[PDB]
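Here you get one chain, nothing else, as structure tokens; it is the form solved without the ligand.
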């Protein structure tokens, strides 16, 4: 029943989209980060400054220790915990309970951060990333096996107020127009092949291997669009070339002052569109996902004011090109593990004041790009 899963996420890009879960007997309720960039299901198992509650194993009659521990490191942050299994109910999705592996965290560094509302994480990537090894079955593989659902899930983020995680397929009411699919290049992270980036209709002129040199991945657990240093610099250079920033004048005399705007005025009309080309499942064809300034020049303030301050939602990476929440907020994203593909459709909830903040278009030809851009 996919309609019941509509709006089962809360949160925002900045600190995470999370799913409520009931764990153990009697049920303990937790708030769980949705992360397509890792493969472990782990919950706080002891108090922490930045969480309200944790999972207490001694209060669950169905919990079983598996007899070993585990440590997981992310690009930033890490934790160590014990490994067992227990019954989980997802109230907004599956009213039957299923048995899953669970890591109960007792130590962490730079993981539970101030401002979060989640106390656990749902790693939705492939078994090859799971710790201590790929034989520790993932949450979603247990689910597929036990609820006998299709090996597919899909995500819509409505923060451009929550979103939806549809486990087992696609929900038609969550998109408009066509789904475009790009092949999964390597089943670990959700690695896809990027052919080209275009800023205000001008392609960057980098070898396409630059976009993938490490890997290009789709990751709901990352807030920003994260670009390898060379790619980042080429982007911001193109953005400076295509933007039309106001000149300094009365009341505007430093660059910092560009951040905040009054009187319903916004910075968006001054900035170019940003497009990512992906190979289609038909190798000779590509499609383009496009974000408008509305998605990468991001409003910051709490409610109740009559000015707004914005931040740039693109940052450099050392290694990976990470399609994080900055971009995912523009699209309904389909993780079609059964057919080794990732799908994108424009989100209806990705609208500000009636207007679309993202676009999808194709096909384009791949005739002038290498047959493989992943080195």
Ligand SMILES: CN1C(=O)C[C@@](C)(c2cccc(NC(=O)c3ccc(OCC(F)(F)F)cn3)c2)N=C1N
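Residue numbers count along the first chain shown, from 1. Think of the rigid core as the biggest set of C-alphas that the two forms share within 1.5 Å after superposition.
From this point on, the text means the form deposited with the ligand bound, which you will not see here.
Transferring the ligand from its position in the deposited complex by superimposing the surrounding C-alpha atoms places at least three ligand atoms within 2.4 angstroms of backbone or C-beta atoms of the displayed chain; the site is blocked.
Partner contact region in the deposited complex: 318 to 326, out of 23 to 31, 318 to 326, 45 to 53, 346 to 354, criterion any non-hydrogen atom within 4.5 Å of the ligand. The three residues 16, 35 and 38 all sit with a heavy atom within 4.5 Å of the ligand in the deposited complex. For the options 211, 277, 118, 153, the residue carrying a heavy atom within 4.5 angstroms of the ligand in the deposited complex is 118. Note on the partner interface in the deposited complex: the residue among 93, 228, 81, 221 having a heavy atom within 4.5 angstroms of the ligand is 221. Not displayed here, the ligand is approached by residue 111 to within 4.5 Å at the level of heavy atoms in the deposited complex. Although the partner is absent here, residue 74 sits close enough that one of its heavy atoms falls within 4.5 Å of the ligand in the deposited complex. When the two forms are superposed on their rigid core between this form and the one not shown, the C-alpha shift of 2 Å or more among 96, 148, 135, 254 belongs solely to 254.
After superposing the rigid core, the C-alpha of residue 359 moves by less than 2 Å between this form and the one not shown.
In a rigid-core overlay of the protein, residue 12 has its C-alpha displaced by at least 2 Å between this form and the one not shown. Cα-Cα spacing of residue 291 to residue 255 is reduced in the deposited complex versus the present form (difference of at least 3 Å). Annotation: residue 254/residue 231 CA-CA distance shorter in the deposited complex than in the displayed model, change of at least 3 Å.
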